[PDB]
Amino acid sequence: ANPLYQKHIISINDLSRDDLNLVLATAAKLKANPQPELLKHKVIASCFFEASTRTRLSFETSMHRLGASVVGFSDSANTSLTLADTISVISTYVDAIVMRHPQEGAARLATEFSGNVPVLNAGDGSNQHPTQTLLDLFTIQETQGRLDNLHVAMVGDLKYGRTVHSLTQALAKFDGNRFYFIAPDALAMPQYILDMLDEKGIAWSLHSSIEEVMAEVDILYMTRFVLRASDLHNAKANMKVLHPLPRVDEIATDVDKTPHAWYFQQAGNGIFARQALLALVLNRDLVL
């Protein structure tokens, strides 16, 4: 019944504003009221071809919080592993496949072999990572009370930073958002993103420092240009500092103590996002 029922979740680009809204709403609903037996008789494959601990643990916890069983591998390194044949087989054992693969396009390729077994992409090479964007959006909505009319600053390697690409694209599905791109000249936000914004009549601008935008942003999204506690003197009371993680020198730990730090809470939201995705995909009926 639900629009996401039995669908593959490969790219954030396949999710419409409505779809995003749907997942986000579900997520909050589940966060409000758990459904420990929602996926009681399901077995889900957690196929981590390339290890990604946080994501895997997040995803598996979500499974368990819905009542599902889990089988899988956390890395291929030590396994006995065509990807195609691998998928055709696993597809005969499980109700859904969550897969993270080292090669971009893998997830998409898997959908051609899973039969009608949904494939949820948990990281495709660098490329696409739908649940990361979802939990990012969820966090913004939650903290911000909305996904429209926000001032959003993205700091770091914007050239290669794909979570930033995906999140920009997703936020751009909403209305009245204003972007600030803070990157070194050599690692700038790609034209293609800029063009897309222009296509939607979305305002964006470039900056050489966070200082420049601090006072105006609601969301400060960091990527590996360094953020220290003192940098927030003039932050907005509602401003939140996000980071898909992990971090490094990029965000000083003295930031962790500030009310702006929200990267761990952000991470904690992957549970609700993942749970929402799983529930909609595997369940016909809605999350009353």
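Numbering starts at 1 and follows the sequence shown.
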Unmodelled deposited residues between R224 and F225: none, 1 to 3, 4 to 9, or 10 or more? 10 or more
In the entry, residues of the deposited sequence missing between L81 and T82 amount to 4 to 9
For the C-alpha atoms alone, is the average B factor greater in 46-54 or in 225-233, going by the entry? 225-233
Please work out which of 146-154 and 116-124 has the higher mean CA B-factor as recorded in the PDB entry. 116-124
By the CA temperature factor listed in this entry, which of these ranks top: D95, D85, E216, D175? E216
Of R108, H129, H207, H101, which one's C-alpha B factor is largest in the deposited record? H207
Consider only the C-alpha atoms of the modelled residues in this chain, order them by B-factor as the entry records it, and name the third containing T253: lowest, middle or highest. highest
Relative C-alpha B-factor of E199, binned into the chain's lowest, middle or highest third: highest
The third of the chain into which the C-alpha temperature factor of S16 falls is the middle
Name the third of the chain's ranked CA B-factors that contains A170, choosing lowest, middle or highest. lowest
Third of chain Cα B-factors occupied by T163: middle
